[PDB]
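A single chain, nothing else alongside it, follows as structure tokens in the form deposited in one PDB entry.
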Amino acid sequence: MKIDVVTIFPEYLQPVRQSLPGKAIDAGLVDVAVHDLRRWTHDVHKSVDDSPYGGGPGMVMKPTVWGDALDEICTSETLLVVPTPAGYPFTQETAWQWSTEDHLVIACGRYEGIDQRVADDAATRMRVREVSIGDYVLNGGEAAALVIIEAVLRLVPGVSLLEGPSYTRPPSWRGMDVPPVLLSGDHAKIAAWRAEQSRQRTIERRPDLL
């Protein structure tokens, strides 16, 4: 798989690309490349955004700049991923789907957004996915890109209910004992205990899942 990320903060994505198992680059299973959006600016001031039509605060990212960047980086086989607060939800099922893609391009924009014509144009010749990673507001798409890259790549070979509490040694620590059932050697009972713990925690923390 090849992942290209386009961003005005290239340094942001550098630790996740040097994260990968050398054995998976050398085997050609994966490659992550980060591109500075300012490579495709037209002016000496390297402008990437401009005032929104119709008024309002902030700035909107320029279609001419983004258009040139995606023209260079994308092909007809590309899945173009655009993080946005107004996106469809990114889920584990999404990550599974994208994990079998040959080429992901992630376009990182600011909160106010990329001119809509960029995605609209791109969608006439490639698959485009606008996605949100949760219901909170980030200043830009970079952190969302990190989350997406991590969730997708750990599903690439070689790279419900909530889970209940886990425990390891020592059996007693600061007055708290590991639940004795976990040391019982009754593995049917352990499974049933864990199921009840999951039920209780899901009720408490994520009743939406029920």
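The numbering used is simple: start at 1 and walk along the sequence shown. Between two forms, the rigid core is the largest collection of C-alphas that superpose within 1.5 Å. Residues that one form lacks are left out of the comparison.
Below: the form deposited in another entry, not depicted.
Rigid core superposed between the shown form and the other one, residues 165, 170, 57, 28 considered: the one with a C-alpha shift of 2 Å or more is 28. Fitting the two forms on the rigid core leaves the C-alpha of residue 189 displaced by under 2 angstroms between the shown form and the other one.
If you fit the rigid core between the shown form and the other one, you'll see the Cα of residue 19 move by 2 angstroms or more.
In the other entry, the CA atoms of residue 23 and residue 107 sit closer together than in the displayed form, by at least 3 angstroms. In the other entry, the CA atoms of residue 74 and residue 17 move apart by 3 angstroms or more relative to this form.
Segments of at least three consecutive residues in which every Cα is displaced by 2 Å or more between the shown form and the other one, once the core is aligned, are found at 17 to 29, 157 to 159.
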